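>>> the data below comprise the sequence and an experimental structure of the protein.
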Amino acid sequence: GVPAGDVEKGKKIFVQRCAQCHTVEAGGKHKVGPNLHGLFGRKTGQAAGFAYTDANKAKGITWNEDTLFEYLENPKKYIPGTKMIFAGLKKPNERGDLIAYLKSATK
Ligand code: HEC
């Protein structure tokens, strides 16, 4: 599975790699990417009000540690045709820290 991560390290990754396009708080605004509040346990393509690609909506998985760990390594491999332009977080320790941050930040 996905080992535990350090949320402070994960927050730094989020700020430097994700925050340009995403907010996490309940009621936070959509930007280029969707607000991520309530992500874990919810299917792809479900943030209310955001215009997703058909590719994202079609994927149909439930976001959790394992699916995020695969996605964030290479987003376009996991969801071909997605409009999220993000090369990927290649190091597993960095993905794990980021996922620990997301699990807590989007509760
Ligand atoms: C702007 C250049 C982006 C950056 C940098 C990151 N994300 Fe993103 N993300 C963006 C878009 C435009 C979308 C929608 C894609 C589509 O095809 O419609 C997304 C989507 C996600 C998702 C899926 C959300 C869901 O299904 O509701 C997640 C989990 C996600 N993005 C996470 C994420 C993280 C953690 C990032 C930093 C590593 C990151 N994104 C960067 C645009 C952009």
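Alright, I've got the coordinates. Numbers count the residues shown, from 1 in each chain.
>>> which SSE is the residue most central in space within the chain in?
Nearest to the mean C-alpha position of the chain, by C-alpha atoms, centre = their mean, lies residue 68 at 6.3 Å. In this structure, residue 68 sits in helix 65-73 according to DSSP states H and E.
>>> buried ones in that helix?
65, 67, 68, 69, 71, 72 (16 or more other C-beta atoms under 10 Å). Quick note: C-beta positions are derived from backbone N, CA and C, even for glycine.
>>> so in this structure, which helix runs the longest?
The residue-count maximum for a helix in the chain (DSSP state H) belongs to helix 92-105.
>>> going along the chain, name the helices of the chain.
Under DSSP H, the chain gives helices at 7-17, 54-59, 65-73, 75-78, 92-105.
>>> right, so those: which one is the most enclosed?
helix 92-105 (a mean of 20; mean count of other C-beta atoms under 10 Å).
>>> okay, it in PDB with CA atoms only?
Presented in PDB, the C-alpha positions along helix 92-105 are these (Å, rounded to 0.1, in the frame of the first residue of the first chain):
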ATOM      1  CA  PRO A  92       7.500   7.700  -3.900                       C
ATOM      2  CA  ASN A  93       8.500   9.500  -0.700                       C
ATOM      3  CA  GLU A  94       7.300  12.800  -2.100                       C
ATOM      4  CA  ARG A  95       4.000  11.300  -3.300                       C
ATOM      5  CA  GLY A  96       3.500   9.700   0.100                       C
ATOM      6  CA  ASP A  97       4.100  13.000   1.900                       C
ATOM      7  CA  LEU A  98       1.800  14.900  -0.500                       C
ATOM      8  CA  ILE A  99      -0.900  12.300  -0.100                       C
ATOM      9  CA  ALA A 100      -0.700  12.500   3.700                       C
ATOM     10  CA  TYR A 101      -1.200  16.200   3.400                       C
ATOM     11  CA  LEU A 102      -4.200  15.800   1.000                       C
ATOM     12  CA  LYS A 103      -5.900  13.200   3.200                       C
ATOM     13  CA  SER A 104      -5.900  15.700   6.100                       C
ATOM     14  CA  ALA A 105      -6.300  19.000   4.300                       C
END
